[PDB]
């Protein structure tokens, strides 16, 4: 909780625009889904131009999840962390390279070569530290397992 409050403050220091003051949402769902809150925050910043994208503003889509929209900021951030936990980090995608290979494959789109550097830059801007894949988290297999962790 002192650990959580410090991570919440570090997130909210970097978050701008529609990401502002959402540090507590990132930390809440990163804990329940057993993943790195600063990594979740770094991917959101990259995908949204730090909460400035129309996709982020109009569709509460904080993770560049193509052609999706969400009913609230909470649920949009939550859905993005759930997807990254269940379908990436829990399946064993721990490195920025192995996450990118699935998340933003190199030749699908020219912006995709900016993903590993972009996410890396923001992760170091949040924590003071270069991202280590040992930090990724275990992730969880299901929303049901995440819900059990919240209780």
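Positions refer to the first chain, counted from 1.
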Mean Cα B factor from the PDB record: higher for 27 to 35, or higher for 60 to 68? 60 to 68
Residue range whose averaged C-alpha B-factor is higher in the record, 36 to 44 or 120 to 128: 120 to 128
Rank-wise, by C-alpha B-factor, drop residue 92 into the lowest, middle or highest third of its chain. lowest
Going by what the PDB entry lists, where does residue 138 fall on CA B-factor within its chain: lowest, middle or highest third? middle
Based on the deposited C-alpha B factors for this chain, I'd like to know if residue 82 is in the lowest, middle or highest third. lowest
So where's residue 22 on the chain's Cα temperature factor ranking, which third? lowest
